[PDB]
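Coming up is one lone chain in structure tokens, specifically the form deposited in one PDB entry.
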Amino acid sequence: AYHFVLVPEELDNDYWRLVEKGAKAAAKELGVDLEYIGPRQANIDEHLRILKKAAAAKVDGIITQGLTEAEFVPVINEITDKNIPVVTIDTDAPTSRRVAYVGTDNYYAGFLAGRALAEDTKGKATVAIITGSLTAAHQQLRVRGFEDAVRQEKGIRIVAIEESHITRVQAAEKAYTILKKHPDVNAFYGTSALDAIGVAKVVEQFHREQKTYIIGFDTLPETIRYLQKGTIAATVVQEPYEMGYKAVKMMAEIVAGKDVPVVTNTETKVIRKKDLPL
């Protein structure tokens, strides 16, 4: 009876709970034991601790983010040398010895965000970026993709980048700080699931909705509420359920000796109020 472990970035984060639903649905489907374990609070040192722990515990396969190249590559290769196969999810480490990746093309998601912002503001924007962190690999890619997409827009300019450590509260905090310091900011870009929600709270508190474009990530309920209301103008779709489901099925194929593709990019697109509901 196969035993796999899935490690989220943070246990009770709303987006990861959707990943867990798809993983446990696939696990039930194959008669597989899925253990979902990860830090209470997103923390790179604990994250590495939960992985090395799960490795020494007889498990048949480990599904995890490849969060940072400097730390997670040695650990993944560590876990591989114990003849335990690793599947990366949501954030890839393409230089490690993980067998396969299931998750968004992160650069492209950020690139599609930049393209939408430039269409919506028609080339004119003073932009602040709220990102989950400056060291997480998917966050960097979503930032770099966005920069690349807007570089040709002479009238788009990025004035600030701050970290939210993927909470609502710290996204709101950073939006209070950016706005006080850059009152000409008329556009926000959030790169993780809770960022546009924190920005939207502050924009609504200041009655700034009419002079602030907000494009964020993912489709958590409150993002859809702000999207229908108007506070948020667009959001980059991800497929957390389907990537939780395909990561498990892909693990089951790997330990069954079957060939599998190295990368499987779940779908990503920018949606607006006109694409609701889904």
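In this text, residue numbers run from 1 along the sequence as written. We call the rigid core the largest set of C-alpha positions that still match within 1.5 Å between the two forms.
As listed in the deposited structure, the average C-alpha B-factor of 207-215 and of 52-60 is greater for 52-60. In this entry, 71-79 has the higher mean Cα B-factor, the comparison being between 105-113 and 71-79.
Sort the chain's modelled residues by C-alpha temperature factor and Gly31 lands in the highest third, per the entry.
The deposited CA B-factor of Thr266 belongs to the middle third of values across its chain. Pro240 sits in the middle third of its chain by CA B factor, as recorded in the PDB entry. When all modelled residues of the chain are sorted by CA temperature factor, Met251 is found within the middle third. Compared with the other modelled residues of the chain, the Cα B-factor recorded for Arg144 ranks in the middle third.
Unshown form deposited in another entry; subsequent notes refer to it.
Comparing the forms between the shown form and the other one, the C-alpha position of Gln41 differs by 2 angstroms or more, with the core used for superposition. Annotation for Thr268: C-alpha shift under 2 angstroms between the shown form and the other one, rigid core superposed.
In the core-superposed comparison between the shown form and the other one, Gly230 has its Cα shifted by less than 2 Å.
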